Every structure is written in structure tokens, then in C-alpha cells.
Amino acid sequence: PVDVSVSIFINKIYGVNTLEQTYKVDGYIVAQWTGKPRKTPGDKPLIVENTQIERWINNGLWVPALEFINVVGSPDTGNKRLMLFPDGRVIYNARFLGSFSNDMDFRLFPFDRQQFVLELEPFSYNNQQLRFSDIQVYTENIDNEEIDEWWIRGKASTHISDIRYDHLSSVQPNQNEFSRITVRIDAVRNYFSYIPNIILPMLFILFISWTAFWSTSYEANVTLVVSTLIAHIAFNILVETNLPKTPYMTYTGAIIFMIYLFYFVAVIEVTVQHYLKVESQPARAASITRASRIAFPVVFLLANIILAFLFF
Amino acid sequence: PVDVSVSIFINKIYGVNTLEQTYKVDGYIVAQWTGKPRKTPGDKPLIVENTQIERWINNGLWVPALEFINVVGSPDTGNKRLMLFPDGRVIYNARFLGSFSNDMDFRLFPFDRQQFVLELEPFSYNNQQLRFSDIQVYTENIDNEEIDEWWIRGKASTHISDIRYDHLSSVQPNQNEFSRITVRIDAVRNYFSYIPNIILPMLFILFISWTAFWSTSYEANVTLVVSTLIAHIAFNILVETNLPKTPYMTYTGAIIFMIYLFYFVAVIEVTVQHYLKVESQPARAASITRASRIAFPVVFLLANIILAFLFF
Amino acid sequence: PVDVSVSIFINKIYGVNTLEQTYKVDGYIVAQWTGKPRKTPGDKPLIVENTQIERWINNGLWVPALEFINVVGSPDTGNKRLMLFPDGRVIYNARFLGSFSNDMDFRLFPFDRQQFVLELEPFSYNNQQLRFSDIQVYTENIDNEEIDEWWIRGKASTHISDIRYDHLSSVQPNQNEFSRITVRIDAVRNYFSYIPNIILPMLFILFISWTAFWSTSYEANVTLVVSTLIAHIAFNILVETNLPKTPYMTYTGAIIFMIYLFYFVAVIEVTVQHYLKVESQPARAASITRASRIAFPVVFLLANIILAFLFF
Amino acid sequence: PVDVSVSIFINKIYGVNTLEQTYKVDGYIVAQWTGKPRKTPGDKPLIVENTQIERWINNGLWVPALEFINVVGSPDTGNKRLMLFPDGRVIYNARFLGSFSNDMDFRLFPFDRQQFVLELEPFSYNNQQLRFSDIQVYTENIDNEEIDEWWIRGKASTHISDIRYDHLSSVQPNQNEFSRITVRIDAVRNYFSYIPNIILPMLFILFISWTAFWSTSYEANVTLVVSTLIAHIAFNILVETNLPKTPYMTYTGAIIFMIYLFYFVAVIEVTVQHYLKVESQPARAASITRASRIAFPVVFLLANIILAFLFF
Amino acid sequence: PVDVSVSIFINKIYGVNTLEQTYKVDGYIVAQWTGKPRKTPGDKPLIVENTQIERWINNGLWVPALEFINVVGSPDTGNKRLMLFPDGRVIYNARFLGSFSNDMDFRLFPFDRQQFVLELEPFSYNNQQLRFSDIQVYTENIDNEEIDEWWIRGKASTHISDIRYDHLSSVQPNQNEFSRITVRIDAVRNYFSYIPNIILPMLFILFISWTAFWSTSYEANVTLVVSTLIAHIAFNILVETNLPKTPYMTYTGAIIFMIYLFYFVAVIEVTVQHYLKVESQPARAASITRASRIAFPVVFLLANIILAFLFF
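Chain by chain, residues are numbered from 1 following the written sequence, and this numbering need not agree with the entry; no residue without coordinates is displayed. The lettering of chains begins at A and the numbering of ligands begins at 1, in the order of writing. Excluding hydrogens and water, the side-chain values take into account all heavy atoms of the structure.

As documented in the archive entry, the model was determined using X-ray crystallography at 4.60 Å resolution.

Pasting the structure below:
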């Protein structure tokens, strides 16, 4: 079992896709493994570059196949460098930029909780142990909390585990166990701009519909409730890109669907106020309007607390 | 006929395109075929990596051309590994991520039924049999049914068949028969979020138009039916991306087109109610409104059941 | 002149761009040319794969440069295979997926007529004849006419021609003549879904504006004609992607522009009806409304027949 | 100084970006330079293909670095061919498809004037003269003037110049002068479809707002001017993609901004007409409406002529 | 320590992304380092091209790994050229086009201040000094200030620094110091078109809502304030692409959110004016309207000055 020291540097974690549950990660990968003693020109260790790296393997130099398990497509390896030491050890430094998949829960978008995971397992070698994992997410979080989309919390989670496989070759009494690095950086999305850009204006439009709970004129009432619903849909179109859309139900989506009913229900109230006045019963219509004038804001507050009580 | 054992691992089936009938599939491909006996360093079998794989073929090592028949463009092969055994057999392990085409029926979108097919046939060898196919879709479906867009039902369908060709070379008395793997995983789209985000709000807007079947004021009636049609088109704009658009007629599209008539027809009713009152015949207008107040909801229910009876 | 037998298989003709006049074509290319006699291991012909193909050319093996003339960018060649026969002939099989340019006429979109052309000419060899062209568009059209976007009509058009060039080198007394394959598959776009999704709803919105030709209330009339124009523009936004937009005038675009006038003209009528009633002359306004109530539908029908008479 | 004959063929000039001032150009590049005498098999000149081209340079064959100066990114070179003559000269034929940058003036979009420039200078050789430039834009313009987006005027502009550099090496008494080809094809955008699709309907919506200069009812007046402004913004959304948006002010943008004022000003007029009638002074309101009924169309005509007088 | 003279030419700084804080930079890179004396054919220095550059490294020629630190993905290197001098020095000229990341502050968009930074550090060599940095942004700024999106101010900022690292190898306590080039060009976004296209029309729509501070009719008042809010959201949809959206609060976003309240508040005023007239207290409603007729424009002016006082 060849011991490999893996040190991964983290520079950027950008472009979090709300559909494919993908995110682009940039940095550097360092693999210091003890090889076999070789002769370098003099005492100083040899420095080999990307083009000449393949030339060394042809001559009889070992290079282990360390592949990312959760990588979506082939990641972009910039410049790769092999540092052959006269003593024996070899240091492999390579810049990488690729897409990584991890199960994401967007259920509670306004106060999002997400984990960015990176996994590495040698593609061809099982009885070749991975010594120690090191995550250097030295890109300062408290430096620009407003500028950074995600508030980096904790200097990642180091985890080294032996992944057991089932479907393999004929000889597996102790070949099914592959060493695997499990890097997991945590982050919390900043609500800072999501309230005065999405939440707050989507609420005002809904309360503007509620101004028909004072107005007696049905012609003016229709214009309020119908047009605000147009404004709500229009504003939901503007937002949509910022909004995360997943196959499951969300707290934001639950509120968004709840708003659609509170328009439909208000339309009913306004129409009820009208038909009562038409059928010479305005005494009911008078109290019906006064009721919903206090009921609607209370009911929406109860239900928003109900949703929050279920999601949190 | 060289016997080839093909074991394909399935990791992800993501990004289902509603137009091109394409979907991205990620995993691993294993090809264990009995070659010719060779000498490996000692007893242990030789492990060859991607860069050195081409070097072996030049020396005189066999590598069969196993191409995906239904692959759209050249798929992304990550790291490929050849395992040369001293006895004779060779195990080929390669990570793949590519686009696959299959005939899809989106006719019934809210309760979608789809099959994800993967086909493999040796590009150059016909009298080279494919021994056994194995599909390892071990990515747990019941684990996160709400999170997964498609509910993976069944551990795929293994199918090995001899595909017969017509247009070939000169020598074809028994060369037209190529061995082909036919992998078909089944899945059902979760309706869970499609009802409170698309179906339900598209219905409320249509019923808000129906509130003119109580109102006597034509000026207020126009504002209802005309503006709700604006809201419906606006909401159809928001949805559109989620909506699958194909060259054939769909259950969703049939309902969507039916809604467009139920606005146009309601406009007619409202205008009829007006001209009758204008031409001193309000007795008809009074019953005309009361009729459509019960008729419209019944007619739409009948027709929605009619459509459902035709599609299902 | 080396005789080359070219047989092109057609699998898919997908993604027809309405702006760049491009379409993606997938299939296989077969080039059977009589080379020089060589010795294969035994009697059986040698099978050479993509990586080893370049190795043969270095040793002294001929490979002709067959490039697509109408290809947009470098097309994606999947797996290429050379079949060296002991007698002399060589069969070249290669999978291709690329973009092809051809002059397209979208003038009559609802009942579209289009030709998909593919051209092949040897990039370097003029006095090297192309024997016979064969198009195998065996992807069944009548199988799924509703599912297929284009109804494949005819098993393509085989055409072999000697293309004469003007601007060449110094030596051209008989070097300007290059052999060229001209493959042209015909197809007709299915109107099936384009009427109940685009045409029909765009018409209803326009007739809803015409309901002001019965209404006497100007305040209610404005709401009709102005808001329907908003709905028309809104619906044209939804459609737009499905709609083909070219630098020339189309039948669809002519109707679309005609609809914009029929709103503007109706606004004038409604305003005329008003000013006449204001200036104590409602006798004119009464007949003015009754006139346009019969005129507008007749005029639009005449003009739609006029447009159809010009385009067809 | 090695004399190089450069003949560039033009096939397509497609996808003109209104932001980055980029356009994709496809064709062929021919470089006939007199090298050194070599022995070809017999008398016939040797034909070398793309893969074997690099093999010749290794043996000791010259290939000059002819790079496009105005190319955005590395352009797509399809198939490249070297024609080695026994006498000495070498003809280099290569198919290219790349993006080219040139300063574009979109100030007057409806009647656009644009120049498509292509520049070539040897990347490594200064005292290596470029003999003669030849542009073969034989893709017929008058063939399909309605189908072609740009009306190709003139068979391009041939220009060969010695570009002088300042920041170079140590030895520059006569090494700063590089030979450069300056190809410039001219074209004029067809207005044909831009008037009945963009200009004309954007005008009708603005005149529909002007129908409030006859109407006495403020409630009906508001519905006109407010909703037409919604329609104008909605129609500007539909158009936007066709509209060129640059960091400077345009004739189209000036008119577009002018339209936004003519709505705001009309709103003021309508509100003035109201407050005058409210404050028992309708004599002013009567003439105020009659004034703007003649003023607004005259003022907009004056200002549109003013803008046209400034831009042209 | 090998002294390297780095001279970077700047051609284009295009496509500034408001989300990822990225921008594409094109130009040339010159690296003149004193190598070892070699024999060139005669006295003239050897000119080596891109394909032959790798051939020289195999023979025993030094090429230092100069990588961009702030580069997003692998940048596009066009044609690279090595100029081997007989004396010893080697000049490396390479054309580049890549994406660069730098922390951007969009807080004050209408009068934006931005810095475009480019960093270069040898990927493999620390005790290999970078002699002098030279930035040639000779692409004239005052030439076309209206055409250029960013007004290039200053001929960049030359900065050479020794970057100290923490996580490294065993070999040296004085190996953590890498020489790094820090190029920073400054630019200011032109407001020229952002006022008559975004700011000015977004203001007119808001003042059109204020015309209800004269109107006594609630039915006409609702139509004003509700529809202008639709127009504002509609216009914000049109703009959105031009608008920079970041996770922090902006001056534009603050004004944009402030506008959403000024609609909601105006709705309240209009509804208050109504309920007062309903509950036989129009004396209050009369002064309430007259108050907000002077208050609203003054309050918005105060608050806009307040925001400007905080951001500037």
C-alpha cells in the first residue's frame, strides 16, 4: 500500500445551479507519495512540466489515477507539475476547474443551508492508501460578507474512508476496499438582498389587493384585485431567475402558491359584497367587507407562521 | 467469436430535453473479454492507464471498438483503464458522460411515463459476441423521492440482441449480424410540485373570469374577463420553460387551448347579457347569466373528463 | 482517377434554426475506394481503428481528404474505421454529427416547405472521381408522423456533379474540376400543433376586441380594444420562440402586422362612436358601430384571402 | 524577403453581435509562397494533408505563422492542405471559421451602414513581404436580397500596408515593419422587415394614446394613456432582441425615449383637462384638449425631423 | 534567480459579468529571459513556432511555467513563438484570450468605478525573479468615448511583488517567496445612455401614478396607481439584463425598492381619500390629497438625496 498525502487548495466555489444541483470549484491539488529513489541532476530535485509529464511515464515512471468521484464531465486541468525528488518521493501539483454534483435541499430558500462536497478515489488502485487530507479554504469569508453570495462557515470537513464495492472482478477477498477523500465545505446563503428585492415587493402588491376591503364600488374593486394578480405574476416573472425551482415543494413556493389563493379568495369576497347589494341584502355585505378587512391579514399571518412551523 | 462481459454502472440520468428528446447519462463501463495469454511482472496483473493504453495498441494489443448507437455527439470519456491479466483476459474500465437520444412521449405531461434507453454495439466487429449485460442503477430512488425529478422504477431492463444490417460490404453471408446491448431504465415524473405551481394557479385565474356570471355591470364584467385572459397569457409565459413543447397535441396543451376558448366564450356571454339589456330584453339576459353561472363550470368539468377519457 | 463509392446513412436531422438557416445531422459515412494490393494476416481483411488509422498513413497508406462543403464549423467525427482488404480496396466507416447550412425559405411558416442539403467534395483531390452516391434515410417517417417535427418525404435526392472552380493555382488546364456529391432530403413541417397553440388563440383575442361593435359605453369599449392589444403583444411574446424570424416579409408576419392595424382601426371606430354622441349626432354613431360590426370581420377575411392569394 | 501570394475566399458573414461588435466569417485561405526546390514522386507535385503537415515541419519544412490580427479567440481551422511543388513554391489551403472584431456604428439602425474587416499579419516574420491580396466574395448578393440580412455592396476592399511597431526587441533599425493584409467588405442592412414589424406597430400604440384628445371622460382617458404605455413597454420587450443596444445614444433609442415622454406629457394633458373641469373652468379644458389634438402630432413630427436632421 | 522581462500588450477588455465578477481580456504576452548561449543558423536568431516549441523542450530547452493566478479556466493561447538568440536570451511571444476574476463593487451602478486586474506568477519557480512589468494599453480611450463601454483611465498600474505562501514542501524555508506581476487597469462606466434608457423612463411611470393627487374619482385613481405599478414591473423586466444584480444592496436597488413603496403608499392615500368621502368626512380627504400632492415629490427628493448622501 503506497501512502499518498493529498492537500487540496480551494480558491472559488461559484455558480450554484438550482436545477442540476451543480457548482464550479477552482483551486489546486497536491499529491505527495513516496515512490522509488532516482537520480536528479546533482542534489536539487527535478521539476517536470505538463508536456514532459507523459514522456516520463513512457520511460517507466509511476503516476496514480486520482479521479474525482462527484465530477460532472472531465474537469479543466490547467498546468500540471511533477516534482521528482532524488530520495524517492514525488509531489504532483495541478490547477483544476470543474463541475461537482451533490444532493442539495432548497426547501428553505430565504435562509438556505448548503454543503459543497468534493470526493477523490484512485480510479485504478484499491490497495494504495490515502495518508492525510488537507483543505485550505483560505479565501476569507468575513472579508466581504455582503459581496460573497455564500457565507463560508468552517474551514471544511476532512473525512478519509474505505469505500467498499460489490460488483468487481474474480479476485476480491481484500480488493473491494478503495481509499476515498470526502471534503465537505459548509455555507449559508445571505438573505440580505433577497428580502428588499423579492419578498418585500411581492408582499406590497398582495396588500394593495386588500384595499378593496374598504371600497364600496365593485367596478373599482375588480380593477384592484384583478390587476394586482397581473402585477404578482409579472413580478414573479422578473424574480423567477433568482428563485430556485426544484421537483419538491418549498417554503417560498408554498407562500407563492398561498398568495395565488389570497387573490382568488379576495375576488370571491368582492363578488359576494356585490351580489348581496344586488339582491337587496347590503347589511350582510357591509359586515362581510369589514370581516375580511381584519380576517385576511390575520389568516395570512397565521398560515405564514403555520408554514414556518412546519419547515422549521 | 470473442466473448465480452459488459457491466455498465449508472450514476446520474439528468437534464431531460423536451424538444430534442435527449438526456445526459453518467457512470462507468466495464468490458471483460478473454484475450490471449501474456506475461505480467510476476504473478500480479498489469494496470495500464489512459495515456499508456494507446502505447499498448501500437505494440500489438487488441482493443475492441465498443460505440454507443444512440449517443448524440462524442461522449466524454474521463479516465480509462486496461487491466491485462497473465492468464489472458482483459478488463476495461472507463468513466463516461454523454447525451443519449430515445423516442419520448410527452402527450400526458402531468403524469409522465418515460423510458431511458442505452445501446452498445461494436463499431467494427460482428462475429464478436457480447456475453452478458449488467446494469447497476444502485443510485437509490426511494431515498429522496421528492428531491429526485424522476422516480426510478425497476433496476433497468437487460436485453441482448443480434441486429441485422442490409447495406454492407461484398462478403455478408453471415457478417450482417452484430451483437447489441439494449439497456432500458424506466421512470415516472413526480407531479408533486407541478400541481400547486402550474395547474392550480392556471385554474384560479380562469374561475376569476367566471365571477362576471353574477355581476350585472358590463363595465366591471369586461375588466374581469379581459384582464384574466392577460393574467392567463402572463402566467403561461412564466410556466413555458417547465411546460414540454412538442410538434404533437398534448393533454396539457389541449386543456391550455380549451382555457383560451372558455375566455372567448365568456366574453360572448358578457356581451350578449349587455346587448339584450340594451335592446329592452333583460328577461333573457337575466336567465342567460344564471345559465352560464352553472353551465360553464359543468361544461369545463365534462370536457376535462372527455380529454382525460381520450388520453387515458 | 481513383473511383470512390460513397454511401451516407442518415439517422437524425434535428434542431432547425430559423435565423442562421442551420440544422444538425447525424449518421455514418462509407467510402469504398480501390487502392493497391496489400498483405493482410492470412486471407481475412485487416480491421483498423481511429487511433491506429494515423499510424498507417505514416507508413505509406493513402487516405483521401473528403470534407463537407456546407458544414458549419468542424463536425464531430466519433469513431472512424479503415478496412484494408488483401485484394486492394479500402472501406472507410465514420460516425458524424455536425451543423449544415442551406438557403431556407420560411415565407410560409404554417405550411412550411424545406430542403435539407448535404455536400461532399474531396478537399485536396480533383482528378479523383466519386463513383456512386447512396442515401439511406431508413429512419421511418410514417412510423410517428405526430412525434416527428418534419414529415420526411422521399428517400432523398442523389446528385453527382463536377464543380468547376475559377480562382486556383498556376496549373489548371484540367485541375479545376472536382467531383461533388449533392444529397438533398425533402420535408414538410406539421401544422398539427401550430394552429391550436399559435394561430387559433391569436385570433380569439382579436375578435374579443370586436365585441365593442355592440357596446354603447365608451369607458367599457376602451377597456376592450386597449387590453386585447396588450394580450396580443403578450401572446406574441409567449409564441416568439416558435415563430421564425427572418430579414424578409412572411405570411405569418403579414397577418401579425395586419392584426396590429385592426386594433388601431377599431380604436378609431370606438373614438368616432364617442365624439359623434358627444357632438349630439348619435344617429351616425349608431350606424357607424353597426357598419364595423359586419365590415371588420368581412375586411379581415378578404385581406387574409388576399395575402394567401399572393403567397400561394 | 519571402514573397507570399494570399488569396482569401469568402463564403459566409453571419451572426452580427450588436454588443461585442463581433461577426462569424467562413471561407478558405490560400498562401502561395516560393520556397526551396524539393523532389516530389515523379513530376507531379506532392499533396500533404493536415495530420502529415506537422510531420514535414519536423523534417525541416518551412511553414509561416500567418495569424489574423482582428480574430476573437483561436479560429476553427477545418482541413489544412500543403501542396509541395518540385520547382520550389508551396500552396497552403485551409478552411476557417472564426469570430472577428471591428468598430461598429449602430447609431442609425433602421438604415444601418456597416463594414466587415479582416486583417492578416505574419505573427513571427516582418522582413517577409505579402505579395498580393485577393478577396473572392462570390456569394451572390442580388441573388436573394430579401433572404440575405445584409446587402453585400462591392467585391470587398483590397489593402496591403506595412504596419510599424514601437515596443519590440533590441534589434529594430528595420525590423519594426510587418506586412499586413486589410480586407474590408461593405454591407447595408435591409429595412424591408424592420418597418412593418418594429417601427409601424410601435407608432400605432402611441397614436391610440392620442385618442384621449377627443374623449371628455377622464375615467376612459386614464385607461387609454396608462394602458398604451403598458403596451409600448410590452412591445419593446418583444422587439428588444431585434433592437441593437450599445453604450451610446441611437436614432432608434432617441425616438424610443421621446415616445416615453409623449405618454407622460399626454398623462399631464388628460389630468389638466380633468382638474380644470373640477375647478369649474371647463372653457380652458375644452381648448386645452383641442390644442393637444393638433399640437401632439405636429410636435412629434417636428422632433422626429429634428432627430433625423441631427443623425443625417 | 533567472531574470525574466515581462511585457503584456492589452487589446480588448470586453464582456463584464455582473454576477460572476468576470471579464474577457485579449492581447499578447512577451517573456524575455537570459538563457544559455546556443548556435543559430549563421548570425540571425532562430524563429520557432507553436508546433515546434514542444520539440525543443524534449531536446533540452528550458521553458518556464508562467500561469495567470486570476484566470478562470484554461485561457485560449492562439499562436505561441519562441525566439532563440545565439547570445543566450530567449523571447517568448504568445496571443491570449481568457476570463479573469477580480472583486467588483457594483454598489453605485449609474456612476460605476471598476478595476480590471491581471496577475502572473510562475507555477513552478519561486527563486526565478520577474525583472520588469510593462502594460501597453495603447487601444485609444478618448478616440471613441461614446462607442467604448468603459472609459480607460490611466495607462494601467505596474506592480511587482513577492507573494509569500504557507502550505508548501520540505525543501526550503526560503522557497515560499514567488515573484508576481500585478497589472491593474482602471475604468469608469459611461452613464451617457443609462439615464435616457433606464433612469428617466422609470421615473416618468412613477410620476404618472402621482396624477391621482388631483383626481377626485376613486375608480379613475385605482386605474392610475395600480397600472403604473404594472408598467414599473414591466419596465424593470425590459431593463433587468442591463441592471447589475449582486448579493449586496445597491444605490439603484435601493431606489428601485423605494419606488415599490411609493406605489404602495400612494395606493393607501387614494384608498384613504375614498373611505373619508364614504364616511361623510371629505374635509380631511380634500386636504389629504392636496398634502400628498406636494409631500410625495418632496419626500422622494429628500430620500433620494439621503441615499446619495450615504453611498457618496
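Further remarks concern the UniProt feature "short sequence motif: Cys-loop" in chain A. UniProt positions are given in the numbering used here, feature names are shortened, and annotations may be inferred rather than shown by experiment. Taken from the UniProt record, the annotation "short sequence motif: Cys-loop" applies to residues 105-113 of chain A. As annotated, residues 105-113 of chain A comprises 0% helix and 11% strand, and the C-alpha atoms at either end are separated by 8 Å. Numbering goes from the N terminus for both helices and strands, where a helix is a DSSP run of H or I of at least four residues and a strand is a run of E of at least two.

Turning next to the interface of chain C and chain B. In what follows, a contact means two residues having at least one pair of non-hydrogen atoms within 4.5 Å. Facing 61 residues of chain C, the contacting portion of chain B comprises 53 residues. Of the roughly 4900 Å² buried between chain C and chain B, counting both surfaces, carbon and sulfur atoms make up 62%. We count a salt bridge whenever a side-chain nitrogen from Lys or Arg sits within 4 Å of a carboxyl oxygen from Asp or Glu. Between the two partners, chain C and chain B, sit two salt bridges. The shortest N-O distance in the salt bridge between B:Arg107 and C:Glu146 comes to 3.2 Å. Two N or O atoms count as a polar contact when they lie within 3.5 Å, although within protein this holds only if one can serve as hydrogen donor and the other as acceptor, and sequence-adjacent residues are included solely when both atoms are side-chain atoms. Scanning the region where chain C abuts chain B turns up 13 residue pairs in polar contact. Broken down by element, the residue count for the side of chain C that touches chain B peaks at twelve residues, all from helix α3 (residues 218-239) of chain C. Once two parts are put together, the accessible area they lose, assessed with a 1.4 Å probe and summed over both, is termed the buried area.

Here we come to the domain arrangement of chain A. Residues and elements named next belong to chain A. Either an automatic procedure or a domain database provided the assignment from which the domain bounds are taken. According to the domain assignment, chain A consists of domain 1 (4-189) and domain 2 (194-311). Each partner contributes residues to the interface: domain 1 has eleven residues there, and domain 2 has 13 residues. Taken over both partners, the interface formed by domain 1 and domain 2 buries close to 1100 Å², and the fraction arising from carbon and sulfur atoms is 66%. At the boundary of domain 1 and domain 2, one finds zero salt bridges. Taken together, the links from domain 1 to domain 2 amount to three residue pairs in polar contact. By residue class, the composition of the side of domain 1 that touches domain 2 is six nonpolar, one polar and four charged. Under the scheme applied here, ten amino acids are nonpolar (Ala, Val, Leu, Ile, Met, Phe, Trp, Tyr, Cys and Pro), four are charged (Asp, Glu, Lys and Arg), and all others, including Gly, are polar.

Now for the relation of the copies chain E and chain D. These two copies of the chain differ by a rotation about an axis and a displacement along the same axis. Here the copies are fitted together by least squares on their C-alpha atoms. Here chain E sits on chain D after a turn of 72° about the axis and a move of 0.0 Å along it, with an RMSD of 0.2 Å. Here the transformation between the copies is reduced to the relation of a five-fold axis. Taken together, the interface assignments show that only 5% of the residues at the interface of chain E recur at the interface of chain D, consistent with different surfaces on the two copies.

Under the defined criterion, the tally for this structure stands at 53 salt bridges over all chains. Across the salt bridge formed by C:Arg180 and C:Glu121, the nearest N and O atoms sit 2.8 Å from each other. On the criterion of sequence distance, the pair formed by C:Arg180 in strand β11 (residues 177-189) and C:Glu121 in strand β7 (residues 113-122) is long-range, its members being 59 residues apart. C:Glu121 gets classed as buried once you look at its relative accessible area, which sits at 4%. In this structure, a network of salt bridges that share partners links the residues A:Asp26, A:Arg95 and E:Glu67. Only protein chains enter the area calculation, which uses a 1.4 Å probe; residues under 20% of their type maximum are buried, those over 50% are exposed, and those in between are partly exposed.

So, about the arrangement of the chains. In this view chain B stays clear of chain D, with the nearest C-alpha atoms of the two still 11 Å from each other. No interface is formed between chain C and chain E, the nearest pair of C-alpha atoms being 11 Å apart.

Bringing the sheet that holds strand β2 (residues 22-34) of chain D into the picture now. Residues and elements named next belong to chain D. Between any two strands, at least two bridges found by DSSP are needed for them to pair. An order of β3-β5-β6-β2-β1-β8 is seen for the six strands of this open sheet, with the pairing classed as mixed. In this open sheet, the two strands that pair with only one neighbour each are β3 (46-49) and β8 (130-136). Taken pair by pair, the neighbouring strands of this sheet meet at an average axis angle of 20°, ignoring direction. With five bridges joining them, strand β1 (residues 4-14) and β8 adopt parallel strand pairing. The residue bridging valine 4 from the neighbouring strand is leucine 130, located in β8. With axes taken as lines fitted to C-alpha atoms, and helix axes fitted only over the stretch in contact, angles between N-to-C directions fall between 0 and 180 degrees. With respect to the sheet, helix α1 (residues 50-59) is in contact with β3 and β5 (71-84), its orientation differing from that of β3 by roughly 105°.

The subject of this paragraph is the environment of D:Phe85. Mapped onto the secondary structure, D:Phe85 falls in the loop between β5 and β6 (89-101). A sequence separation of 46 residues divides D:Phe85 from D:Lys39, and the C-alpha atoms of the two residues are 8.2 Å apart. When neighbours within four sequence positions are excluded, D:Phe85 is seen to be in contact with C:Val171, D:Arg38, D:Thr40, D:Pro45 and D:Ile91.

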